[PDB]
Amino acid sequence: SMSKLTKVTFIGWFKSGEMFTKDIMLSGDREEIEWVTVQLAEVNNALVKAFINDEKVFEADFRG
Amino acid sequence: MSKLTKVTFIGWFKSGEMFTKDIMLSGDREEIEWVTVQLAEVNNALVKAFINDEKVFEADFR
């Protein structure tokens, strides 16, 4: 929620095998998390996994 | 090769800046635990170790 933000840890792999990672605070729920994941992956031509409380909740692979 | 696994480490410096490392290790958990602790202690960081996207160890030296 807005009053209790969800902390999502994103882990990304570029096609090169190089990695990136970010913590993002989100006020929404499933749809937002998925959209943000897809956008992160697509913009970066990457595989991106979303984690909440150390558990994988979604992933999107745009490495091709 | 059957004795090896790729392990994904995520780390947080005390500043909150993050790092993430993909490291091939022995599949035996004692080794993965040792590397988790070493990475955390050397970098004065919180480090989490993931295998097959499951968190298996965590060490905090912030």
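To start, this report covers the structure provided alongside it.

Examining the overall build of chain B
Helix and strand content of chain B: one helix and four strands. The order of helices and strands in chain B, counted from the N terminus, is β-β-α-β-β. The C-alpha atoms of chain B give 11 Å as radius of gyration, which agrees with the globular expectation for 62 residues (11 Å, within 12%). Projecting the C-alpha coordinates of chain B onto the three principal axes gives extents of approximately 40 × 20 × 15 Å. Counting the 62 residues in chain B, one finds 45% classified as buried. Put simply, of all contacts in chain B between residues at least 6 apart along the chain, 34% involve residues at least 24 apart. Total accessible area on chain B is roughly 3700 Å²; 47% of this is exposed by carbon and sulfur atoms.

Re the nonpolar core
By size, the foremost hydrophobic cluster in this structure holds 16 residues, and its most contacted members are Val7, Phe9, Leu25, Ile32, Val47 and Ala49 of chain B. Those elements that provide at least two residues to this core are β1 (4–13), β2 (18–26), α1 (29–42), β3 (45–51) and β4 (54–60) of chain B. Excluding anything up to four places from it in sequence, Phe9 of chain B contacts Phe19, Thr20, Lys21, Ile23, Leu25, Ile32, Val35, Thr36, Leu39, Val47, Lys48 and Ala49 of chain B. Membership of the second largest hydrophobic core comes to 13 residues, among which are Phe20, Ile33, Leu40 and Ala46 of chain A.

Description of the pairing of β3 of chain B
Residue and element names in this part refer to chain B. Along β3, seven of the seven residues are buried, which leaves the element largely enclosed by surrounding structure. Of the two faces of β3, the one lined by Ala45, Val47, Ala49 and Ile51 and the one lined by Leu46, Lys48 and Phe50 are each fully buried. Taken together, the six bridges between β1 and β3 define a ladder with antiparallel strand orientation. By the bridge assignment, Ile10 is partnered in β3 with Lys48. The turn joining β3 and β4, which pair antiparallel and follow one another in sequence, is formed by two residues; a positive phi near 50° is taken by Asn52.

Some remarks on helix α1 (residues 30–43) of chain A
All names here are of chain A. In this model, α1 (14 residues) spans 20 Å end to end at C-alpha, consistent with the 20 Å of a helix rising 1.5 Å per residue. Within the span of α1, buried status applies to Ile33, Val36, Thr37, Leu40 and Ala41. End-on, the buried residues of α1 take up no more than an arc of 130°, which puts them together on one face. What points out from α1, more than 90 degrees from its buried face, is the exposed set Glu31, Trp35 and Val43. Each element contacted by the buried residues of α1 is listed here: β1 (6–13), β2 (19–26), β3 (47–52) and β4 (55–61). Looking one or two residues beyond α1, the residue adopting positive phi is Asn45, at roughly 45°.

Structural notes on the side chain of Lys48 of chain B
As for its position among the elements, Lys48 of chain B is in strand β3. Of the residues examined, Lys48 of chain B reaches a relative accessible area of 12% and is grouped as buried.

Some remarks on the pairing of β4 of chain A
Residues and elements named next belong to chain A. The pairing of β3 with β4 spans six bridges and is antiparallel. Note on β4: the bridge partner recorded for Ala50 is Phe58. Where β3 folds back onto β4 in an antiparallel hairpin, the turn is made up of two residues, including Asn53, whose phi is positive at roughly 55°.

Thresholds, definitions, all that
Residues numbered from 1 in each chain as written, not as in the entry; some residues may be left out. Chains lettered and ligands numbered in written order. Heavy atoms only, no water. Helix = DSSP H or I, 4+ residues; strand = E, 2+ residues; numbered from the N terminus. Rg over C-alpha atoms; globule rule 2.2 N^0.38 Å. Buried < 20%, exposed > 50% of the residue type's maximum accessible area, 1.4 Å probe, protein only. Contact = heavy atoms within 4.5 Å. Areas by Shrake-Rupley, 256 points an atom, 1.4 Å probe, with all protein chains shown as cover. Core = buried A, V, L, I, M, F, W, Y, C linked by side-chain atoms within 4.5 Å. Pairing = 2+ DSSP bridges. Expected span 1.5 Å × (residues − 1). Arc of directions from axis to C-beta.

Just distances and angles here, no functional claims.
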